[PDB]
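Coming up is one lone chain in structure tokens, specifically the form deposited in one PDB entry.
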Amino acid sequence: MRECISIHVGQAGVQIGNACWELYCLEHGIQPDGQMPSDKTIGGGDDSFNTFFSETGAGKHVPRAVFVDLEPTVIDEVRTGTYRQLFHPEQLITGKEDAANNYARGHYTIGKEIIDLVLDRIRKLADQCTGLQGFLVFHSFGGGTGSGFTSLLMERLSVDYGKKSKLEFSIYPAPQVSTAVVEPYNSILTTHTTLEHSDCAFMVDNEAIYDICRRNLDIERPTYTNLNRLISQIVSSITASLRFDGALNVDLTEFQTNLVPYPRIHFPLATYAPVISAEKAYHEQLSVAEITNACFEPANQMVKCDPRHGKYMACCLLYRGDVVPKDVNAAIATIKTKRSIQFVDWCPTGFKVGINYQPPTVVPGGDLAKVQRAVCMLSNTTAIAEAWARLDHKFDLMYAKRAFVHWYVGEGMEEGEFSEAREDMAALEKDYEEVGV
């Protein structure tokens, strides 16, 4: 058993974090007050769930998590919510004034007033670990805190925790539910300064999740509640291997070995199936072949892109529920010739398979129906460069006129940082092209 600490930064990271920890409690059988009747060892243990939950002495199961935001509104909902007794109160950190959708405020001026407190509180959780393996960092690309504060935090964590792994769950912006016109700038600036300090990052395109809620869940106008409930389901499927017994992606290092062939191209695509509305409670249960086929459909992806336009470097399938291994192998055989899947010549064409035989849990109040079997495919494809190109194009349209640049310069940032961040993104698009897209 090796511990993992989760860090939730800004509104998007905190709200997604609250949805994820609610689902984790229901999967492990943890009550909102922290009690776990099924845990026979009171006071401690080396069980798989202990990677994400510590034990106090009176049987309380506490998340290894810290929530940070530069204004208190959002974290105050976690302090008064249903799971208000679950978290350590000192691990819910708030400032008084936010980064005003400005990366420079989050990284240079406002973020500097609270960085030392955040690291000292993270240190307290780290000192409580016997074998800390790394951190899972949740945050938006677009917000001032999510972009600027997270980059400052990631720089400091690399110095203080050199040999530890750092994974990201990043929210990529969508115009339908965006909050600011400068989000492309914030997204490029944080990507440039965090690229060296992150080992693997799972981007979540708000447009992709918005479309899934509309098409599959029949929600006319999805809100952040609907989006986050679906994102928490996908995040749980990715982290299930760290919280339960299994033979695939068992530690944070293995996520890198299996999905990241080169340090800079560390952005795998997640695909999830089946997503069925809760009003279709008597739906026909889909077979292993049907849900595996669904992983190669662009409509079920976490990032809007076309994997037929690129090549695969890695592909892991993580099943949950009533899944017979021979049925998985038969489906992999059919999805080799019937579909157009091209791997890079320098990687084995194999698919890594992991099966957790417990079906996924549904949260009371959610939009999803219960399913007997589900699958999450994680693949490193060169088609994800399409998401980077769309973002770089929005950056170029505004930066050619230097629109809004004065707001960043006025907060202790040099104009040259914009061109060096854009140059790094030009090199990143080229890195995908050199592999093949």
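Residues that one form lacks are left out of the comparison. From 1 onward, residues are counted along the sequence shown. Superpose the two forms; the largest set of C-alphas matching within 1.5 Å is the rigid core.
Keep in mind the form deposited in another entry is missing from the figure; the text below concerns it.
Q: After superposing on the rigid core, which residue out of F255, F267, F87, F351 has its C-alpha displaced by 2 Å or more between the shown form and the other one?
A: Single hit from the list, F255.
Q: When the two forms are laid on each other by their rigid core, does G246 show a Cα shift of 2 Å or more between the shown form and the other one?
A: Shift of 2 Å or more: yes.
Q: Do you see a C-alpha shift of 2 Å or more at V181 between the shown form and the other one, with the core held fixed?
A: No, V181 moves less than 2 Å.
Q: Answer yes if the CA of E279 moves 2 Å or more between the shown form and the other one after aligning the rigid core, and no otherwise.
A: Yes, its C-alpha moves 2 Å or more.
Q: Quick one: with a 3 Å or larger change, is the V275 to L252 CA distance smaller or larger in that other deposited form? Answer closer or farther.
A: Compared with this form, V275 and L252 lie closer in that other deposited form.
Q: Could you tell me whether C315 and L248 have their C-alpha atoms closer or farther apart in that other deposited form than in the shown form, knowing the shift is 3 angstroms or more?
A: Result: farther.
Q: Tell me, which consecutive runs of three or more residues change place between the shown form and the other one by 2 Å or more at the CA, with the core overlaid?
A: Core-superposed, the runs shifting 2 Å or more come out as 246 to 256, 278 to 281.
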